[PDB]
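There is one chain below, alone, in structure tokens, taken in the form deposited in one PDB entry.
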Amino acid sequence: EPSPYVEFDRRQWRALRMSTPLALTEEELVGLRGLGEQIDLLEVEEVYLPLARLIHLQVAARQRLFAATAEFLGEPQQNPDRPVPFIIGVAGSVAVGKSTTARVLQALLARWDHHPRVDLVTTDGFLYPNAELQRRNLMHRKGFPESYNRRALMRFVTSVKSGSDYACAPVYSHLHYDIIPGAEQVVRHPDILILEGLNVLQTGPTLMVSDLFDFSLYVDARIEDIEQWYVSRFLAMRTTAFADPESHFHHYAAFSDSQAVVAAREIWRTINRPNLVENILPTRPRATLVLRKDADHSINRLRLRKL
């Protein structure tokens, strides 16, 4: 059977690095990794460097495509000191490390010849604020598609990709468990916009951000592994984030290893797992590149969309 995909292992994949230079310290890599993420320079070299290359091959090529439409429309030539922004989506479960992957990718990409403006946005700030979620009865469905202002989100990316000079996104605080009053992220005609979130590859009766991506990643792992990473990160946060008296989950700091495992399993069981099964995992087939991770967080397989 022919297939739109081709599978790789890490051997096959690292060969595709070719000449691509590594522009990252261990000290710089440190500052990009999230709690519980195990990435080192080797993983960057073998996994993230081929990837960065592929994307650069595609930016050039995907531009020829918009130029072709603008030529058809008898339009101005388009100054190359502001092309049409390349949009990259990053998806996958809570606790799977989307965050680290997107920051690493941003950093690699910004160290290209152009020195291109590479911005990074998470869909967190497009959550409805708590008071609106309370209203909609969705305080226990944060992360589900309906807990987002999808329209506001779509307006943002559309705004950016259509060549606007600036666009604003709201800002989410994990510590305070809500949207931050008055806070804005300002994206100014970047060259590349990475958009990171659970459900960014969703599709629907209306045009959505997944329709605007020129390239997508889905970070994947076995569901039980991800649960383990999630529970595990929950116990760890008892001495990082939960330890803050301002933390909306400061009550959790005091929990025993065992009470905390019970709490975290319950959250997984009722929110994050159902969302992964029902909404996120069904988006995996569309992703340009799936990064498969083994129980130790290691990316050891990849699935590339050839078609």
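Throughout, rigid core stands for the largest set of C-alpha atoms superposing within 1.5 Å between the two forms. For every residue, the number given is its place in the sequence shown, counted from 1.
The same protein also has a form deposited in another entry, omitted here; what follows describes it.
Quiz item: Comparing between the shown form and the other one on the rigid core: C-alpha of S298 shifted by 2 Å or more?
Solution: Where the cores coincide, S298 shows only a C-alpha shift between the shown form and the other one that is less than 2 Å.
Exercise. With both forms fitted on the core, give yes or no for whether the Cα of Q78 moves by 2 angstroms or more between the shown form and the other one.
Key: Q78: C-alpha displaced by 2 Å or more between the shown form and the other one.
Self-check item: Did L35 shift 2 Å or more between the shown form and the other one, C-alpha, core superposed
Solution: Indeed, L35 is displaced by 2 Å or more.
Quiz item: Relative to what is shown, are the Cα atoms of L16 and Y48 closer or farther apart in the other form, where the gap shifts by 3 Å or more?
Solution: The answer is farther, because the C-alphas of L16 and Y48 separate from each other in the other form by 3 Å or more.
Quiz item: Between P80 and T158, do the C-alpha atoms lie closer or farther in the other form than in the shown form, with a difference of 3 angstroms or more?
Solution: Closer: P80 and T158 approach by 3 Å or more in the other form.
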